[PDB]
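These notes are about the structure you will find just below.
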RNA sequence: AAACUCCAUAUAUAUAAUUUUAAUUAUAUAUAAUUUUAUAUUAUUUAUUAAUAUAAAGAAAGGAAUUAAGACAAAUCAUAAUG
Ligand SMILES: [Mg+2]
């Protein structure tokens, strides 16, 4: 499945609603998500050692 | 209970006192009244029957089966109005319903703004005042069924505030084209998106985007260049707030797919200077803007 | 100080928030009183379970959203709480269950115990086809009169006479009662079986413990078959 | 219960959030103060039809809740 | 649409100065069932379940009306009506 973009950018899409005025009131989650950014890299990571042996 | 004439004469009219006196001399005080469970003679509410109700009683002077006046003594000589208006407030408006006093003052934009606010929480004022709607495709489609060809109206519209926010909406209705446009206007507001704009007038660089069979080649333009693009792209740029743009469409020139392709290109094919700088850890300078700075 | 609008029920986002909230309240009681023993007279099948009807519960349990299986789940928990030992039950359980008990107390029944009249006679009416019969049963020695005439005179068919005797044969009281039967309408078969039905209904006053045997024999059931206009 | 939140354990009705007015409009809302105590103020029919959207959704089994 | 219903059936109340007598009746109103309950067995998706039997309770066992669409350009210009 394609790497989704819209689930991790709710803060940025919401911020456009507030700046334009389409959304009058800031949501309660808005401040919490802004202070705790989601991880949005979704990359494959190399590994150089077998942790067991 | 039997009451003295004095008491009864302070509540009931004199004309009715004789009847009350005769009834209190014929019905013994120890009468045990029984309730009839076959025939309901009296009304379901209490009533002394001393006053004639203007609505629930027969109108005095009107002819009817139980009219007591002689046929030459009726007093209804005007027949242009309803004789017995409704009682009380004068209406039977169901609780929770409003009198349709004004019709045609309803605005499809205001109907979209009210419904969307209740369904999604968007501000009605912004929709009814800040947004501009432009139909892009309006055609009739048909489905072949056993009963016969069923026609439907298809409407593709674009909405935007001319300040970066633009949305595309589609709507279908078997009844009329106006209903299809209302649904498309409703859908477009729900799909509103922000598009990056360089200096709030144009796009960042050039875009070569493929949306299905549509090949879109969009080039950024100098200030005052204007919109020199396919007519479908022109309308979207107007709503989105793009003022300067050049470009060509190759292969498929289907209006519907050009509009969707353009919206997709403006979001998925652009990168702001700020986003490029942060990703690369470099400073990007607009030479033209620096040349006119202090 | 600042005020906000929030869903009333914790189950707001469920399919039937009203039913789920009620089930949760009952489930809490069944958890808090898990240890309380249940009635051992439940084996004796205590005849107490006046629970509200599915339609009545739909007023409080989501209306159209209410599903039959959801109503079945409410009854399984209402009965389990109800079947807790009466001595060891508490107010909390009874209060919660009170809201689910059907209410038909404002009105009363219309049935008055049947008793023998001033002359020791049990009077019952019976109907079969177009015939009707009013019988007077008294304690006696087996004497029968039909419309003032001897049984063999009025009813020529022995099968009709045997039908009249059958209810008395079931309770083995053929020689213990005198019957004065009066009948009108229909024919011999309708009248004989209308008398049969009326004797069975009149014999219950003398010993109400034999009603079950009369019902099982089929003599207390009114035959509904009548001539039907062809359609 | 311990977060003064909400839960759904039986079935997520498709459209609960996007079609909230046709699914959740009939259910009752309430006004509460900063202490989460019911204010008891009667709500206008306008306030009782507005979508009440969750601020945060926690999903235990996302593979079955696409 | 089903149904709700109306009819039939069972019962209750009211009415009849029981010679308009059929009071074993007449006809108004209301009630009742789409029956219910437990028990063993057999299957199950085994559960807050079905198919059976069994005991218990009950008078309780039957009908109705109407239409949603479309076809036969089926009958009727002689039931009447129109070009
Ligand atoms: Mg008589």
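Heads up, the Cβs are rebuilt from the backbone with ideal geometry, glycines too, and the neighbour counts pull from every protein chain shown. Read the figures in this text as sums done on the coordinates, not as results from a lab.
Annotations for the structure displayed:
- Between residue C:25 and residue B:178, the simple spin-label model (points 7 angstrom out along Cα→Cβ) gives 4.9 nm.
- Applying Stokes-Einstein at 4 °C and 1.567 mPa s to the Kirkwood radius of chain D, computed over alpha-carbon pairs, gives a translational diffusion coefficient of 92 µm² s⁻¹.
- Normalised by 2.2 N^0.38 Å, where N counts its residues, the alpha-carbon radius of gyration of chain B equals 2.00.
- Shielding by partners for peptide D:30-41, expressed as the average number of C-beta atoms from other protein chains within 10 Å of each residue's C-beta, is 3.
- Taking all pairs of distinct alpha-carbon atoms in segment C:1-100, Kirkwood radius in angstrom: 15.0
- Semi-axis lengths (Å, descending) of the ellipsoid that matches the C-alpha gyration tensor of segment C:149-215: 21, 12, 11
- Between segment C:120-190 and segment A:1-47, the alpha-carbon center distance in angstrom: 93
- Where only DSSP H runs of four or more residues are counted, chain A gives -10500 deg cm²/dmol as its mean residue ellipticity at 222 nm, each run worth -39500 (n - 2.57).
- Rounded to the nearest 10 degrees, the inclination of helix C:68-82 to the longest alpha-carbon principal axis of chain C is 90 degrees.
- Computed helical MRE - 222 nm, chain B, DSSP H runs ≥ 4 contributing -39500 (n - 2.57), nearest 500: -8500 deg cm²/dmol
- Our compactness index for the protein assembly as shown, the C-alpha radius of gyration over the empirical 2.2 N^0.38 Å, is 1.65.
- When you work out D = kT/(6 pi eta Rh) for chain C at 4 °C and 1.567 mPa s, using the Kirkwood radius from C-alpha pairs as Rh and the Stokes-Einstein form, the result is 56 µm²/s.
- Each of residue A:45 and residue B:294 was given a label point 7 Å from its Cα along the Cα-to-Cβ line. The distance between the two points is 4.6 nm.
- With each label modelled as a point 7 angstrom along the Cα→C-beta vector, the residue D:12-residue C:117 pair spans 7.8 nm.
- Measuring spread by the Cα atoms of chain A yields a radius of gyration and Dmax of 17.3, 58 Å.
- Per residue Cα convex hull volume in Å³ - calculated over segment C:85-173: 263
- 222 nm mean residue ellipticity, helices alone, for chain C (DSSP H n ≥ 4; -39,500 (n - 2.57); rounded to 500): -11000 deg cm²/dmol
- Restricting the calculation to Cα atoms, every distinct pair contributes to the Kirkwood radius of segment B:95-197, found to be 15.0 Å.
- Highest-MSF residue in chain C out of C:193, C:43, C:56 [GNM, Cα springs under 10 Å]: C:43
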